[PDB]
Amino acid sequence: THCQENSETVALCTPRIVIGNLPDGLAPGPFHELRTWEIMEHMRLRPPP
Amino acid sequence: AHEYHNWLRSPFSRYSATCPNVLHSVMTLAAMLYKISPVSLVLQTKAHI
């Protein structure tokens with residue numbers, strides 16, 4: 001981003017820490033639900049309790 | 001820690017710690033104890049198992 005400091009506009013780079021901080025336009029909620037279905041399947045829990 | 005001299009190794013733990021708690025899990029943990037003696041081999045294959 002272009003952060004606004006006091007009368008200057010220095011650039012600000014910061015790491016995304018998790019996968020969830022990716023935007024909706026590149027990683028939508030339905031994709032996350034469909035991925036966590038697979039993660040729930042991998043632990044033999046695709047029928048959840 | 002005598003794992004190689006044991007009767008049940010780490011695959012039994014790593015399957016039993018993630019199975020669902022249905023009765024079929026009890027059945028498959030039971031029938032994973034089939035012996036691989038030659039006489040158990042012919043006894044298994046003579047009944048189409």
# chains A, B, ... in the order shown; residues from 1 in each chain; ligands from 1
>>> interface_residues(of="chain A", to="chain B", cutoff="12 Å", atoms="only C-alpha atoms", output="list in words")
residues 40, 41, 42, 43, 44, 45, 46, 47, 48 and 49 of chain A
>>> write_last_selection(atoms="N, CA, C and O atoms", output="short mmCIF file (atom, residue, chain, number, x, y, z; two decimals), in the first residue's frame")
data_model
loop_
_atom_site.label_atom_id
_atom_site.label_comp_id
_atom_site.auth_asym_id
_atom_site.auth_seq_id
_atom_site.Cartn_x
_atom_site.Cartn_y
_atom_site.Cartn_z
N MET A 40 -11.39 -31.77 6.19
CA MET A 40 -12.19 -32.61 7.07
C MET A 40 -12.27 -34.04 6.57
O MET A 40 -12.42 -34.97 7.36
N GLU A 41 -12.18 -34.24 5.25
CA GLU A 41 -12.18 -35.59 4.72
C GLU A 41 -10.86 -36.29 5.00
O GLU A 41 -10.86 -37.50 5.25
N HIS A 42 -9.75 -35.55 4.98
CA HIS A 42 -8.44 -36.17 5.13
C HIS A 42 -8.24 -36.74 6.53
O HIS A 42 -7.49 -37.71 6.70
N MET A 43 -8.92 -36.19 7.53
CA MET A 43 -8.88 -36.74 8.87
C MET A 43 -10.01 -37.71 9.14
O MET A 43 -10.36 -37.92 10.31
N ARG A 44 -10.60 -38.29 8.09
CA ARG A 44 -11.66 -39.30 8.16
C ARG A 44 -12.88 -38.78 8.91
O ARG A 44 -13.42 -39.44 9.80
N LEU A 45 -13.31 -37.58 8.55
CA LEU A 45 -14.41 -36.93 9.26
C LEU A 45 -15.40 -36.29 8.30
O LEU A 45 -16.08 -35.34 8.67
N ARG A 46 -15.48 -36.80 7.06
CA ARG A 46 -16.29 -36.15 6.03
C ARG A 46 -17.78 -36.24 6.35
O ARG A 46 -18.53 -35.32 5.99
N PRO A 47 -18.27 -37.29 7.01
CA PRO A 47 -19.43 -37.09 7.88
C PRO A 47 -18.99 -36.56 9.23
O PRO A 47 -18.34 -37.28 10.01
N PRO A 48 -19.29 -35.31 9.54
CA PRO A 48 -18.88 -34.76 10.82
C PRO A 48 -19.79 -35.27 11.92
O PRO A 48 -20.92 -35.70 11.65
N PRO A 49 -19.32 -35.28 13.17
CA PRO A 49 -20.17 -35.75 14.26
C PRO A 49 -21.30 -34.77 14.57
O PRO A 49 -21.19 -33.57 14.34
#
>>> select_by_dssp(residues="chain A", states="alpha helix (DSSP H)", output="ChimeraX atom specification")
/A:29-42
>>> atom_distance(atom1="CA of residue 13 (chain A)", atom2="CA of residue 31 (chain A)")
26.4 Å
>>> select_by_dssp(residues="chain A", states="strand (DSSP E or B)", output="number ranges by chain")
A: 2, 5, 8, 11
>>> atom_distance(atom1="CA of residue 12 (chain B)", atom2="CA of residue 31 (chain B)")
11.5 Å
>>> atom_distance(atom1="CA of residue 32 (chain B)", atom2="CA of residue 8 (chain B)")
10.1 Å
